[PDB]
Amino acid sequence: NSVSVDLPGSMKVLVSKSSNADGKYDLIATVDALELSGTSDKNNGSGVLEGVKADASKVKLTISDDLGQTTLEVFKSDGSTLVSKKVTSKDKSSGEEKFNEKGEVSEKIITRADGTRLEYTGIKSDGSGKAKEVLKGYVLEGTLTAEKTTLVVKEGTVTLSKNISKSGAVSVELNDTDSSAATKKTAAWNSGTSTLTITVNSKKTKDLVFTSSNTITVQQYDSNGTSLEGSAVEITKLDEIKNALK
């Protein structure tokens, strides 16, 4: 008469209806094809379950006390060193890591609640590596250091750099090697509205907004260079970012 409990990370746990003589509850779960089991001092499905892979790697599922978060770990066959770790947090975002022989992270894939991703690969012991942000319709590529992620789009002599600091703060910059005052793009970043305003020949030409929904929109200014015109258009493909940089 166990009770099924729904968990973050698309998993379920069965918890015993009543406790044992020690006051503890039995837990069972099946993850992929793997049977895991454990015992808990709570009655709600939280606690620790363990099992093994067919190749003898140890597996542990840890469910936080309030059911808000789950962690699914795989270890070497003696249980000592991590091989992989997936944490699903209470917003249903996830972080999935792989580790090298010394337990150092070598890959980290972050999936946000909206499905956009940050993919960090080839991570070295200094926390540097390759980076990709996977948006709806397009990807942005660049690098990771312990200070920031920098994602880069090039168009003509313009380079657009989207920075995500180690703290998560976004900033964007634009650099153009065009020397002609008539055509050279410059830009200013407004952190309060997450907006990059591009200027050419001393007039504002467009606002690129990096939204909290992990989209980018573009809106043009009137020929006066002071009032926005029309309405902002959501970028759907990388070509449209490049178009905004022409």
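In this text, residue numbers run from 1 along the sequence as written.
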| item | value |
| --- | --- |
| Mean Cα B-factor comparison, 164 to 172 or 73 to 81, giving the higher one as deposited | 164 to 172 |
| 94 to 102 or 122 to 130, whichever carries the higher mean Cα B-factor | 94 to 102 |
| From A181, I63, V209, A187, residue of greatest CA B-factor | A181 |
| Options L135, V152, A113, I110 - largest CA temperature factor per the record | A113 |
| CA B-factor ranking of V200, expressed as a third of its chain | highest |
| Ranked C-alpha temperature factor of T157 among modelled chain residues, by third | highest |
| Ranked C-alpha temperature factor of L14 among modelled chain residues, by third | middle |
| Where the record places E50 (Cα B-factor, split into thirds across the chain) | lowest |
| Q220 by Cα B-factor - lowest, middle or highest third of the modelled chain | middle |
